[PDB]
Amino acid sequence: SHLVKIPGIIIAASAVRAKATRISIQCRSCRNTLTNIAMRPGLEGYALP
Amino acid sequence: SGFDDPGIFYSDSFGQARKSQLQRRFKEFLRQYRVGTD
Amino acid sequence: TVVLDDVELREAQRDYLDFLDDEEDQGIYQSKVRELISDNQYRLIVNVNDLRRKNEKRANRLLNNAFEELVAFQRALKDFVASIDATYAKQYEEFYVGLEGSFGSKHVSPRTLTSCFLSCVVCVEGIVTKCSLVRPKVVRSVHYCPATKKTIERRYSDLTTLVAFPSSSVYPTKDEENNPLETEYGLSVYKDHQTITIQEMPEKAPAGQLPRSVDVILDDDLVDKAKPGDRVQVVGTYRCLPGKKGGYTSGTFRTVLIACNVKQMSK
DNA sequence: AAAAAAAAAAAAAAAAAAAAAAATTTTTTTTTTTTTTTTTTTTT
DNA sequence: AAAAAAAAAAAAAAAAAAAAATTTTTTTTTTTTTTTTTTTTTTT
Ligand SMILES: [Zn+2]
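Calculation criteria
Residues numbered from 1 in each chain as written, not as in the entry; some residues may be left out. Chains lettered and ligands numbered in written order. Part of a larger assembly, values for the part shown. Heavy atoms only, no water. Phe/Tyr/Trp six-rings, centres within 6.5 Å; stacked < 30°, edge-to-face > 60°. Helix = DSSP H or I, 4+ residues; strand = E, 2+ residues; numbered from the N terminus. Contact = heavy atoms within 4.5 Å. Near = heavy atom within 4 Å. Polar contact = N/O pair within 3.5 Å; in protein donor to acceptor, adjacent residues only side chain to side chain. Buried area = accessible area lost by both parts, 1.4 Å probe. Salt bridge = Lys/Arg side-chain N within 4 Å of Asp/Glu carboxyl O. Nonpolar A, V, L, I, M, F, W, Y, C, P; charged D, E, K, R; others polar. Donors = N, O, S within 2.8 Å, 3.2 Å for Na, K, Ca; no water. Buried < 20%, exposed > 50% of the residue type's maximum accessible area, 1.4 Å probe, protein only. 1 Å grid on protein atoms, 1.4 Å probe; cavity = no way out; pocket = protein on both sides within 12 Å on 5 of 7 lines; lining within 4 Å. Points joined across faces, edges and corners; volume = space filled by probe spheres on them. Axes fitted to C-alpha atoms, helices over the stretch in contact; angles between N-to-C directions. Parallel < 35°, antiparallel > 145°, perpendicular 65-115°, else oblique. Left-handed = near helix turned anticlockwise from the far one by under 90°.

K.L.:
Help me out: how do you make sense of the packing of aromatic side chains in this one?
P.N.:
Where two aromatic rings form a pair, the distance of their centres and the angle of their planes describe that pair. In this structure the tally under the stated criterion is twelve aromatic pairs over all chains. With a centroid separation of 4.7 Å and an interplanar angle of 55°, the aromatic rings of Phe3(B) and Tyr171(C) are classed as tilted. With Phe3(B) in the segment before α1 (19-32) and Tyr171(C) in the loop between α7 (166-169) and β7 (182-199), the pair connects residues from two separate chains. Within the aromatic cluster, the residues linked to one another by ring pairs are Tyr42(C), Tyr88(C), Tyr92(C), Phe95(C) and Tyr96(C).

Below you can see the structure in the form of structure tokens.
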């Protein structure tokens, strides 16, 4: 969790997939929205309310 | 009368340095890093 | 889930369109339509003996199962009053059908309003007891978003008697962008609402017994037609109410009488 | 005819019934992507 | 004739998807009870 500097040789680079930094979710009954939540960057998930 | 819910409002801030001041000092770094010699 | 056709509804609406069609006869119901159009009143009072003589089976069907039957009746009424005057028929989103006549077995009193007469247009004489404040009920509510210069019209269905869902009961206050919505009260549409309580007359009631009373929900068109103490004959649909949501129910179903019309029993 | 006493009325406070209101993530499955192995078909 | 390219089949693993789920408490309402005022009724 501290910034580190490293050398190396890349061998496999996956395809650019779209990951979400900010989202919005609608309620199925009342149809109101929680606009612009912030997704914590990284490979960090997010449990819905 | 109870048919609405207008939003909250707030105002600009009038008055280990806090993360807002570290934000300010990063802003200063970008705004004032002078590289070219006189 | 729009219905393509139903033989029952089509048949009933045809029968009542014929019943309203009064030219080959003396013109009684056509005259009633013309005078109510001239009055701007929007309820037409159809005699049950007339309905019975012209078609006894429809009278039996209606006096056994009201609400959908009267939906057919009122749609026929809207079509008919549109043929007489489309401009006036466009004016009101609904028109209504009051009743009158010899409700032979369907004339009881609130002591004798048993659980046999549900969804049946019952006739009942009695004395008022209460007069709740005649307060509005919202039916079609318009909103304005000033951030997005937007307007919306949420729509409400008068499910005073059927099952009602929160999705139907939502009153919107924010847009999809969580902006503030301001209600447009004037552009919205409302109907009056009053509760009253009919009671078995003490001159009619059993001598030594407690009173018995029935609740009556007068929506628009019947706001101030019944104050406390008055003698009133109420004809309308005894039904059941929905308990508000909750995983449990006792069997209790507090019942009402959504009055189809009320007249001065003093005569 | 007016005073005293009693009864009823009006209004506030309390006790129970029954209908409403609120809270409320974690573990298992299984499809899909990827790799691997044995075989047959084809080429040198 | 030997090598190798391709084919089908089998397996592992990671990402997404599937599924499971009543109880306790609070608040309105109704109904009586009690106090005190007002009213009415009986007495000298
Ligand atoms: Zn919702």
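Read on, since the account is not over.
K.L.:
Would you mind going over the arrangement of the chains with me for this structure?
P.N.:
Ranking the two pairs of chains in contact by number of contacts places chains A and C first. For chain A and chain B, which are not in contact, the least C-alpha distance works out to 13 Å.

K.L.:
Looking at this structure, how should I read the protein's contact with DNA strand D?
P.N.:
Residues and elements named next belong to chain C. Close to DNA strand D lie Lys244, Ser250 and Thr252, which account for all nearby residues. Here, DNA strand D places atoms within 4 Å of the protein, and 100% of those atoms are sugar or phosphate. At 2.6 Å from a sugar or linking oxygen of DNA strand D is found a side-chain nitrogen or oxygen belonging to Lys244.

K.L.:
What exactly am I supposed to notice about the interface of chain A and chain C here?
P.N.:
Accessible area lost during the coming together of the parts is what is often quoted as the interface size. Every contact between the two is made by six residues of chain A and, on the other side, seven residues of chain C. Taken together, the two surfaces of chain A and chain C that pack against each other cover about 480 Å², and 45% of this comes from carbon and sulfur. For the interface between chain A and chain C, the tally reads zero salt bridges. Taken together, chain A and chain C are joined by two residue pairs in polar contact. In the side of chain A that touches chain C, the residues fall into two nonpolar, four polar and no charged.

K.L.:
Mind showing me how you'd approach the coordination of the zinc ion here?
P.N.:
A four-donor tetrahedral metal ideally has 109.5 degree angles, and a six-donor octahedral metal ideally has angles of 90 or 180 degrees. Taken together, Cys27(A) (SG) and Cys30(A) (SG) make up the full set of protein donors to the zinc ion, lying 2.3 Å away. Assessed through its relative accessible area of 28%, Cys27(A) is described here as partly exposed.

K.L.:
Sorry if this is basic, but what is going on with empty space enclosed by the protein here?
P.N.:
Think of a ball as big as a water molecule: rolled over the atoms, this probe shows where empty space is left. All names here are of chain C. Of the pockets and cavities examined, the largest cavity occupies roughly 30 Å³. Taken together, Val46, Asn47, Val48, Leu51, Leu62 and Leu99 make up the lining of the largest cavity. When residues of the lining of the largest cavity are traced back to their parent elements, those giving at least two are β1 (43-47) and α3 (48-54). For the lining of the largest cavity, the class distribution of residues is five nonpolar, one polar and no charged.

K.L.:
Just checking my understanding: could you explain the pattern of salt bridges for this structure?
P.N.:
Close approach of charged atoms allows side chains with opposite charge to pair. Residues and elements named next belong to chain C. Applying the stated criterion across every chain, the model contains 18 salt bridges over all chains. Residues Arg58 and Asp15 are paired through a salt bridge, measuring 2.4 Å at the closest nitrogen-oxygen approach. Separated by 43 residues along the polypeptide, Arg58 in helix α4 (residues 56-64) and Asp15 in helix α1 (residues 7-20) bring together distant segments of the chain. Per residue, the accessibility class of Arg58 equals that of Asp15, and both read buried.

K.L.:
Hey, could you run me through the packing of α1(C) against helix α5 (residues 67-84) of chain C in this one?
P.N.:
How two helices sit against one another is set out by the angle between their axes and by the gap between those axes. Residues and elements named next belong to chain C. In the contact formed by α1 and α5, the axes pass within 8 Å of each other and the chain directions differ by 50°. Of the possible angle classes, the one that applies to α1 and α5 is oblique. As α1 runs across α5, the sense of the crossing is right-handed. Residue-level contacts link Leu9, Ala12, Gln13, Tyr16, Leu17, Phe19 and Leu20 of α1 to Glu68, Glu69, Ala72, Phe73, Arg75, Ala76, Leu77, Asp79 and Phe80 of α5.

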